[PDB]
Amino acid sequence: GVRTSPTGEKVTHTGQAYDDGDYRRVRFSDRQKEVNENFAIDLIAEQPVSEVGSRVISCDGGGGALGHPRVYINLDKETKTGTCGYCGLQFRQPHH
Amino acid sequence: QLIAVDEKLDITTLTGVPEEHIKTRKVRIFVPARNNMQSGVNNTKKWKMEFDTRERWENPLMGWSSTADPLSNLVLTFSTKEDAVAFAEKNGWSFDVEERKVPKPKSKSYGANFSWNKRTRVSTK
Amino acid sequence: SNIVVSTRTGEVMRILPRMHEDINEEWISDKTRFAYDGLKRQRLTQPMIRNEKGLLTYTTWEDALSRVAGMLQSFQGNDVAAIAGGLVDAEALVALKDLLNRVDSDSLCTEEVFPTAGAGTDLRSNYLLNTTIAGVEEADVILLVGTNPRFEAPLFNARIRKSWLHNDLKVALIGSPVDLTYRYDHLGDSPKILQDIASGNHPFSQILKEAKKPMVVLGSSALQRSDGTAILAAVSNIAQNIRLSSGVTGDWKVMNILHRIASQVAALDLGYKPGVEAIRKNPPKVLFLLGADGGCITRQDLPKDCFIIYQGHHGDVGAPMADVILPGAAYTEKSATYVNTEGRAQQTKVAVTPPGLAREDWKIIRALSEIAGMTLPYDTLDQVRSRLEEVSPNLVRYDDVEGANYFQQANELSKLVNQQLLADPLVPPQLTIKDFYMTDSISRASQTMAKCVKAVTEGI
Amino acid sequence: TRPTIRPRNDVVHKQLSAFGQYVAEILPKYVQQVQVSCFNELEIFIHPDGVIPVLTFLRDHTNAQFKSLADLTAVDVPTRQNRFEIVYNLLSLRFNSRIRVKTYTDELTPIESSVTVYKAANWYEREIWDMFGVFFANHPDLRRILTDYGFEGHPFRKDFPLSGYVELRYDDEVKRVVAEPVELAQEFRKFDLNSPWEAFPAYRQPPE
Amino acid sequence: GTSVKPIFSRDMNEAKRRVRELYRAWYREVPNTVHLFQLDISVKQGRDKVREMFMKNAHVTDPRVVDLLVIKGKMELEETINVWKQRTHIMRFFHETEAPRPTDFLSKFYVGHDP
Amino acid sequence: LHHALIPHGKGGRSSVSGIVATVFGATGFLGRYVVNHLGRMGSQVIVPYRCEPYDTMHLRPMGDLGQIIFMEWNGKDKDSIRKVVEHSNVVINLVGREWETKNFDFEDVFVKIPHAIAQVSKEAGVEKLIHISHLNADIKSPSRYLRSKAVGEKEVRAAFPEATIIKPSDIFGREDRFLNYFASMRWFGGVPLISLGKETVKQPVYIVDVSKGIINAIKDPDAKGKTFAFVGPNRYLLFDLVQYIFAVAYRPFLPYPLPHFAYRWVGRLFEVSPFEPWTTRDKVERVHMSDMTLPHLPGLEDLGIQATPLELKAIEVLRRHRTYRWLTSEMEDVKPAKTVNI
Amino acid sequence: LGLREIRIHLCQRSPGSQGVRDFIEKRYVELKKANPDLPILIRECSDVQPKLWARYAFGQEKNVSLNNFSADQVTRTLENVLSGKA
Ligand SMILES: NC(=O)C1=CN([C@@H]2O[C@H](COP(=O)(O)OP(=O)(O)OC[C@H]3O[C@@H](n4cnc5c(N)ncnc54)[C@H](OP(=O)(O)O)[C@@H]3O)[C@@H](O)[C@H]2O)C=CC1
Ligand SMILES: [Zn+2]
């Protein structure tokens with residue numbers, strides 16, 4: 001989700017962009033500013049929420065030993081989804 | 001035989017240190033305070049000598065932190081305050097000494113949690 | 001409170017408590033812990049002057065210093081004045097005092113008001129917490145007058161609660177019924193009660209008479225009304241009756257004054273005039289604002305075309321009204337002396353350097369003095385502290401709290417002025433928690449304190 | 001206790017203790033202490049004045065025959081009145097053994113050169129002079145060995161900064177390499193690593 | 001007594017004699033250094049620089065420190081005579097590319113925070 | 001003052017000086033010294049170059065990482081100048097050529113290019129412009145080179161009113177065309193001098209003094225629209241100066257008088273070279289012309305610089321021109337020449 | 001010439017300050033009632049010596065040692081400072 005700035009400079013996913021008065025912009029003349037186009041926040045927001053039939057679920061990021069340390073997530077709050085602290089995947093219990 | 005010098009120990013002319021980093025520096029001799037996030041006391045046993053903080057500025061190219069003083073990372077360990085004072089004096093550095101802070105002994109009583117008439121009785125466990 | 005400042009790569013990261021058994025001993029208040037955020041915004045980084053259109057414009061140190069020096073050489077005496085704010089250090093205070101003394105000016109004032117009749121600032125014990133913070137653990141009765149110790153001095157209130165819990169301490173309050181997190185006896189809120197305890201016509205006078213280790217604490221915030229002198233005289237009369245009926249218990253120092261401003265005690269030690277009344281009576285033509293952001297004096301109280309100079313670290317009440325802005329250093333950016341409400345002198349250490357073109361405050365004053373022709377003798381920090389020792393030698397003893405007691409002389413000098421009390425209840429400035437988070441320039445710029453205010457005013 | 005723990009040898013411990021007692025008995029004028037570490041290393045702490053005799057004894061004695069000087073270096077401990085610790089490591093090929101000899105000095109006290117006993121000492125002492133500033137008397141040719149020509153200071157001292165005081169570059173105005181005060185684009189970042197909890201109870205010090 | 005042992009000199013007189021011998025050697029050597037290293041300075045400049053270095057440690061009152069300083073000076077002279085030093089090493093005494101720094105309070109206040 | 005441009009550090013290689021300077025003509029004689037002085041204290045330097053990048057390599061070690069940026073430019077293209085001055089707060093113009101090429105003449109390099117640089121810098125918002133002219137610039141000067149200098153300084157003043165103009169006189173140094181030019185005349189055996197060089201007075205100035213003066217003018221708030229004259233401390237008759245140059249180089253001096261028209265003919269003959277000419281008619285005229293005295297203009301001393309005499313710096317230039325026999329001779333041997341001072 | 005402030009630095013339990021202490025215990029108050037608009041700052045010294053500081057117009061000030069003085073001596077010197085002499 002790359003947007004442009006008033007000077008035309010591309011904005012990074014961390015939100016960095018030189019101001020108009022900033023002289024450091026001169027380093028991009030006759031060259032380019034390296035920006036990664038795959039914003040992880042939007043990509044993780046695109047993932048669907050899993051529904052499970054237990055109060056506690058377990059997440060390891062997928063791939064077993066190729067994922068992250070395995071953690072357990074509580075799903076007692078009905079008006080909220082449980083989020084993995086490593087992966088960002090979301091889990092919930094069936095409602096309504 | 002011996003010559004019996006009657007002067008004060010002074011080795012500044014032999015250490016190679018520039019004059020500016022001798023006369024304009026203030027060293028601090030202290031026992032470091034316990035980190036309040038932990039209960040361990042093993043880091044509050046020795047005396048430390050450290051130098052006064054100088055300027056740091058952002059690097060233009062990568063925004064890193066840049067310094068111009070060479071003593072910004074120098075920390076010395078000593079067994080006693082007198083040893084640190086002697087080292088600082090013989091190296092020509094002017095110093096500030098802070099006395100050691102030791103927690104005072106406390107009177108603990110588990111029974112006081114259930115006092116018949118005092119305010120120390122706990123409402124929960 | 002003793003603290004540890006955590007910094008990384010030239011940036012202040014967090015504030016942690018540092019153990020001092022006599023002062024805070026493991027804790028800090030929430031403002032002390034979370035107000036570091038404020039220092040990162042609304043900061044003064046460059047000198048500023050007024051352009052052709054009356055707008056503030058960046059300029060070099062030389063230009064601003066030259067303008068201030070010319071304006072200072074123009075005038076003399078009562079036409080020059082200064083106001084010291086709540087976060088000023090002793091070194092800058094003594095430097096500014098010497099600079100204005102070279103002009104033969106004595107209008108060196110603080111925003112916080114202390115009564116000047118009788119002994120005034122001549123005797124230190126007149127304006128100190130003589131029992132000390134540790135001494136609260138030895139008292140059996142403490143009388144609180146016109147104060148809210150919970151928010152004015154949270155760690156002092158914590159010590160009071162410790163004594164209440166472990167020593168069965170008896171606490172009585174005169175003022176509005178605030179919540180102090182411990183049970184106390186509420187005598188009332190009218191100041192007449194003070195006289196009733198001074199005349200012996202109150203049961204609590206009897207209670208104080210049988211108290212072998214009594215304490216009476218009067219808040220500085222209660223001395224801000226017009227009848228502060230009479231209130232201080234009444235409290236002194238109560239302490240007199242305690243000392244006379246109960247005799248002398250050795251060295252107990254019943255009389256006590258609780259301060260809320262970090263710079264007040266050092267300024268009183270150096271001879272600053274408490275209050276801003278001298279400025280009102282003789283409106284100056286050149287005014288120095290040394291971190292003064294209490295809005296005590298605006299441009300309505302001053303004549304037109306008055307030259308106002310602000311020296312500080314934050315853009316707040318004081319900066320937009322100034323003709324020249326001199327960016328100074330914050331307390332995390334200098335080694336500076338601060339004196340306790342106990343009277344204990346302590347020093348800060350440099351954690352990070354001042355941002356932009358900001359400089360050490362005493363260095364700014366010394367450079368200005370050299371530009372203006374009246375060069376101050378001291379050139380380094382050690383020489384400024386030697387000057388401090390010259391003016392008040394207790395400012396260089398960096399953990400000492402013991403001092404002489406002159407209660408008899410101050411009490412005798414306090415009973416020759418018989419001004420009357422006011423029929424207004426004693427109301428502390430901070431009545432609830434929401435008035436706690438934002439009190440000074442740094443905490444007003446903090447986003448965390450704003451979040452705390454929003455959270456306490458509405459739960460959600 | 002078996003698989004992960006290093007086994008100990010008691011025969012070598014006994015033999016090294018006996019030889020330490022032997023050396024201490026023969027040379028009471030200079031030997032201040034004798035120790036045997038629990039991984040079977042023998043050290044002898046001596047007065048500085050006995051650097052030449054003791055070493056000579058160890059080199060030429062029929063029962064010692066430590067004829068190889070493996071290493072000679074210094075250790076800097078600022079908290080001591082005598083700052084510098086001089087360490088000799090000797091090897092006996094006849095008896096297949098190793099021994100360590102230790103002494104002390106400060107900044108202004110010379111130590112006698114041991115080049116007459118071991119030729120190998122010649123460069124080692126030079127290194128000690130270059131890195132720590134310890135002067136050796138009667139050295140045939142004592143001068144810097146490791147540092148740049150004209151270098152000021154002794155970099156292996158604890159109070160010497162890691163990056164030093166000067167840095168080099170090429171200047172085109174003078175058309176030569178020049179030295180200037182150190183300026184670092186990224187300051188070296190000091191890490192505070194020690195745990196606040198004690199690790200080894202067997203080494204606990206009395207609370208004074 | 002303080003029970004200290006000497007390096008070479010017994011008191012300050014012998015130390016001063018060694019200092020004078022070292023100064024004589026350096027003074028004699030300066031013109032040869034100017035010739036061999038092809039320096040653009042004059043012989044007077046080199047001798048003034050030699051004089052300046054000696055004056056810097058003039059204050060020292062301990063014979064052991066003076067002895068060590070003389071040893072270091074002899075080492076430096078040996079480095080110079082044998083052309084172990086290069087032209088850059090000799091010219092490092094003159095700090096030709098270092099911009100001058102003012103010692104006045106105002107100049108330091110203007111540039112930065114350093115005292 | 002734009003926080004990112006607030007000076008920081010100690011004034012060394014990794015410090016921030018607060019200067020963003022675009023230096024036109026930075027690949028020449030004065031350019032290398034100017035760039036080195038800017039990079040010593042941690043300035044951001046922008047180098048517009050038209051030559052082969054191999055010929056800019058010697059400027060790369062003069063700055064910390066990221067502090068020297070190289071960009072192509074065309075002297076006849078306004079957009080190149082715009083691109084290379086869009087972000088600078090200081091523009092320095094050191095563009096010049098001693099001879100005329102088939103594609104650029106004196107009017108192109110001393111009038112049109114400086115005028116374009118000044119106009120585009122003024123439009124871009126550059127606040128400081130330094131323009132280098134000649135001390136002998138005159139509208140009625142016989143030399144083509146001097147007349148274009150005067151016209152160009154007038155046009156630069158018109159386009160950028162707050163510009164600082166600096167007029168040096170015969171800069172000498174390791175890569176100069178003044179001491180090297182006279183030393184190289186030994187290859188013809190004798191030195192031809194118009195009127196034996198007895199009616200020409202020179203006041204040469206050291207290169208490092210000029211570079212330091214440019215730096216101090218950049219850092220001087222009072223030097224905005226001022227015109228300076230950078231000259232050396234002594235004035236010499238041309239004969240005496242050339243005699244001293246040959247004495248420092250330990251070469252035999254054989255001066256002989258050549259008539260003006262014959263020397264003009266020799267300059268014509270040498271102008272035909274498609275490479276850098278050994279000499280030109282304009283060059284001959286400049287060499288024989290006396291240096292002007294302009295006491296009403298400020299000088300190097302007004303910028304805190306004590307002018308370096310030629311007697312202390314001639315050996316560092318002329319030692320290269322000696323034979324093996326005289327290579328080790330010290331600087332105080334060659335009996336400094338006489339000066340016509342006051 | 002115009003007195004602005006008086007500063008008395010006396011030590012808490014040093015013998016040499018005793019007389020000065022006595023003065024403050026006996027005859028400070030009267031002085032305060034004689035000069036009710038004059039700053040008389042009483043502060044404490046470290047182990048060195050007693051001292052009296054007198055500050056005048058335009059930042060001029062001088063100090064007089066009160067070491068081993070009795071109360072009469074300190075009263076004499078104080079009224080000498082307050083009057084137009086010395
Ligand atoms: N040296 C002296 O005696 C004194 C010099 N003068 C003035 O000082 C300035 C610099 O002097 P100096 O260093 O000796 O001259 P140089 O010959 O050494 O270099 C001049 C610079 O201008 C550039 N340049 C020249 N022509 C053009 C062009 N047509 N287009 C683009 N760039 C060009 C050159 O780049 P490139 O390498 O690509 O050709 C070169 O970088 C000049 O303006 C000169 O007039 C002032 C008094 C005398
Ligand atoms: Zn996961």
Side-chain angles (χ1 to χ4, degrees), chain B residues 1-29 49-61 63-75 82-83 85-97, chain E residues 1-19 22-23 52-76 79 89 92-95 97-105 107-115:
Chain B
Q1 293 91 18
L2 309 179
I3 78 185
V5 299
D6 283 306
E7 303 100 46
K8 188 184 66 64
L9 198 53
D10 192 352
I11 62 162
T12 66
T13 49
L14 297 153
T15 54
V17 176
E19 182 137 327
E20 142 191 50
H21 304 297
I22 298 175
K23 288 182 163 123
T24 74
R25 304 315 299 247
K26 196 77 91 195
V27 309
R28 202 171 85 110
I29 290 158
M49 164 186 312
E50 91 182 335
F51 279 84
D52 52 309
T53 305
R54 294 300 179 88
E55 195 213 356
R56 312 179 152 106
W57 68 95
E58 164 198 324
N59 175 68
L61 181 70
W64 290 332
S65 190
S66 303
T67 196
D69 87 305
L71 301 164
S72 62
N73 290 301
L74 200 71
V75 166
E82 286 65 44
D83 283 324
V85 162
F87 197 85
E89 259 152 345
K90 85 174 164 168
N91 277 272
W93 295 310
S94 100
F95 54 91
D96 294 312
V97 179
Chain E
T2 323
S3 201
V4 316
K5 54 198 307 263
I7 312 204
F8 294 124
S9 319
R10 269 321 180 141
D11 53 282
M12 284 300 310
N13 271 276
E14 306 176 353
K16 288 206 226 223
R17 175 151 37 239
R18 309 199 137 240
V19 169
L22 181 58
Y23 185 83
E52 180 189 353
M53 303 307 302
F54 276 78
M55 293 315 299
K56 191 173 310 184
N57 27 223
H59 68 279
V60 176
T61 51
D62 186 348
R64 289 173 305 166
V65 180
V66 170
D67 266 16
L68 277 170
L69 285 166
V70 175
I71 293 163
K72 294 179 166 248
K74 287 151 127 313
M75 282 177 189
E76 194 98 331
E79 280 170 64
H89 295 104
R92 279 177 211 175
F93 285 112
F94 294 82
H95 311 269
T97 84
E98 262 161 77
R101 331 193 86 245
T103 56
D104 57 294
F105 179 94
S107 286
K108 281 150 145 113
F109 174 82
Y110 288 149
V111 279
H113 316 85
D114 256 315

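So that the names make sense, note that chain A is the first sequence line, chain B the second, and so on, each numbered from 1. Hydrogens, waters and symmetry mates play no part in the numbers below; they use all other heavy atoms, side chains included.
Contacts of E/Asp62 with chain B are made by both backbone and side-chain atoms, with heavy-atom separations under 4.5 Å. Heavy atoms closer than 4.5 Å to chain E are found in both the backbone and the side chain of B/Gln1. Interface residue B/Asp6: only side-chain heavy atoms are found under 4.5 Å from chain E. Using a 4.5 Å cut-off between heavy atoms, E/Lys56 makes no contact with chain B at all. Both the backbone and the side chain of E/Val4 come within contact range of chain B, judged by heavy atoms closer than 4.5 Å. Interface residue E/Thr2: only side-chain heavy atoms are found under 4.5 Å from chain B.
A salt bridge is absent between E/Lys108 and E/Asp114; no separation between the charged side-chain nitrogens and carboxylate oxygens falls under 4.0 Å. No salt bridge links B/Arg28 with B/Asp52; every basic N to acidic carboxylate O contact stays at or beyond 4.0 Å.
B/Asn91 places no side-chain N or O within donor-acceptor distance of the main-chain N or O of B/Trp93, the cut-off being under 3.5 Å. Judged by distance alone, with hydrogens and angles left aside, the side-chain atoms of E/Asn57 form a donor-acceptor pair with the main-chain N or O of E/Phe54 at under 3.5 Å. Using modelled atom types, one side-chain atom of E/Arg10 and one backbone atom of B/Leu2 make a donor-acceptor pair closer than 3.5 Å.
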